[PDB]
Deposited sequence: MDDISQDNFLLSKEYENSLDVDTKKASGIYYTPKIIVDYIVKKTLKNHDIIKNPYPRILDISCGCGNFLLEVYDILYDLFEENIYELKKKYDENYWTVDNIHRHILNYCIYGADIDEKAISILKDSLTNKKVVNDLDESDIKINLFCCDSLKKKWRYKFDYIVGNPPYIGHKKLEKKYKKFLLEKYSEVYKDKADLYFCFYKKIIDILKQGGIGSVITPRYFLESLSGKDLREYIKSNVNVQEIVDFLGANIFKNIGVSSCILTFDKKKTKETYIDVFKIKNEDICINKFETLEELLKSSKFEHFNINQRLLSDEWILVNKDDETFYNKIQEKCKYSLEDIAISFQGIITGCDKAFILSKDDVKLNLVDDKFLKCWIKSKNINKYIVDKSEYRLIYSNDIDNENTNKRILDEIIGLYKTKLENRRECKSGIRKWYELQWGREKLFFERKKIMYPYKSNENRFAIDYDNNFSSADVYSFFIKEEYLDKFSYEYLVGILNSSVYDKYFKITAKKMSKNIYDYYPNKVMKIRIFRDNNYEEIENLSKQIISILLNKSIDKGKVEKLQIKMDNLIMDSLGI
């Protein structure tokens, strides 16, 4: 329900929006939290505002109504005109109202607190400053009735597999006053994800992004599996449009290293660099000058992409794995004819250059003709989960029989030489599958088009793709998920560019030697490491780095 933002980050965000406010010029700033919860941000906003007013009370008294501007009147003023909060949870709003009332401890004061869905409220004026931490809800945990509303009314930032907080970015930008400043902490995934493309376009074309703080896979929220970033944007009449990017360099740090977050950002734990907002394409490549030179060099040298030369596909989606996946030593497999059985691997079975021997079998139930010839398999293996299987979407509509795989794909795509890689990994792991391995969606596969077989071999491809050069090169634009995990999905893996030059033969031969060592029983992996270093040297020579 309610998530607690660490106090240091709250202080940083509030100071980011208010440290340079000219209260004498405008003693009526509107500061809004659109998902205020119990007031994590708004109470700190109250404290900052109270200091700001009390420090200039006499200047305000002289410049304006001298009877209105007294210290004893600051509290009331702040609540009447400055602090605004919205949240869909009425208990949180009640608690926050009590807190703001008890900031003073007569005639009653009207607190601008709204218990509503902030994405449906008719907002009747814009705001000078917007801060907070919106709700994050993905496409699976959002109700379909609400998602229809989002797809209709928030189509500019919300399509397909987008997230709820995209819409909060939209709403915050839309209700921000000209010259206003907004600062929020959200998931970092929209910076790189395919779903966030339109949201990135919206932000880039409607506000000036002041600062991005990328915590990468650091754990900012205790016991929460999410990776966070802090965005600061404004609607000021500026002529430069340069973004300050602070990228964490050590994900293992605890956030309470210093009293303030500014000390952490200025320290050696973070790196700083500037990105020209006008040079952002539909993809935001937020890297330092050395990494940008590296990336551009590789992009310029390589004339092909994997998408050009390869056919990609996601793995089997059974819809209920426990009903179709059995250990190869399970006695129940004696009931299943071997024509129905396929080898089954998980993402952990994928190493560099080769796949572990499979230990699981998939019952490719689509080839079961009818329920009377193979009644025993259905009665004793698959039918154990009939109730769950019948609740799949395609079974409810009758497209799929209750014992069939939900997305069984095409068998001929898997029963061939191909390259496989895990969907989430700490490093590049592209393996040649020789054993017709099937897998779930945690492993992706591709094979080379016939017309590119004489230009690229599987051995050469796994050679360059597993190199240190390509590990770094892919990670430059990859989607950082959690600590030591990057997404390896076709929507970015197929964008990897490859080359073909005079080092092709030696690179291919080194890859073949590595594969031969890795498949031998009396394995000595050290020479594999030495061969990999030599191949990395060849690749760096080829790409001019």
| query | finding |
| --- | --- |
| Gaps in the model (deposited sequence, numbered from 1) | 1-27, 133-137 |
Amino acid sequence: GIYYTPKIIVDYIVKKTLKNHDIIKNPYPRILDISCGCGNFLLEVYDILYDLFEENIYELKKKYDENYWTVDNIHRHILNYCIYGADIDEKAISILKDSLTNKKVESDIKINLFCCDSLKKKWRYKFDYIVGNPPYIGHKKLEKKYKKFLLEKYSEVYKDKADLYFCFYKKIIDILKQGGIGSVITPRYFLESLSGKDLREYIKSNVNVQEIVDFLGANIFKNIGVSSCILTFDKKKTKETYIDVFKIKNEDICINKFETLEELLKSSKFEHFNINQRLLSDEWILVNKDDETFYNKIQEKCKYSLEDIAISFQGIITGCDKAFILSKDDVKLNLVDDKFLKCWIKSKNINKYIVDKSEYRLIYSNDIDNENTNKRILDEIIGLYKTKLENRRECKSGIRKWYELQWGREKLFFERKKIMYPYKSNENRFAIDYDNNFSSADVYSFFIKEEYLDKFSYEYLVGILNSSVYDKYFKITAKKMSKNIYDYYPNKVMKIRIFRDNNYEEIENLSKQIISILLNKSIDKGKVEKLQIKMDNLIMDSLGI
From here on, numbers count along this sequence of modelled residues.
{"property": "Between 112-120 and 165-173 (mean CA B-factor, as deposited), the higher", "result": "112-120"}
{"property": "442-450 versus 390-398 - which carries the larger mean C-alpha B factor in the record", "result": "390-398"}
{"property": "Residue selected from 226, 88, 131, 354 by maximal Cα B factor", "result": "88"}
{"property": "80, 208, 299, 349, ranked by C-alpha B-factor: the highest one", "result": "80"}
{"property": "Where the record places residue 492 (Cα B-factor, split into thirds across the chain)", "result": "lowest"}
{"property": "Residue 503, C-alpha B-factor rank within chain (lowest, middle or highest third)", "result": "highest"}
{"property": "Within-chain third of residue 200 by Cα B-factor, per the entry", "result": "lowest"}
{"property": "Modelled-residue ranking by C-alpha temperature factor, third containing residue 411", "result": "middle"}
{"property": "Third assignment of residue 486 from its chain's C-alpha B-factors", "result": "lowest"}
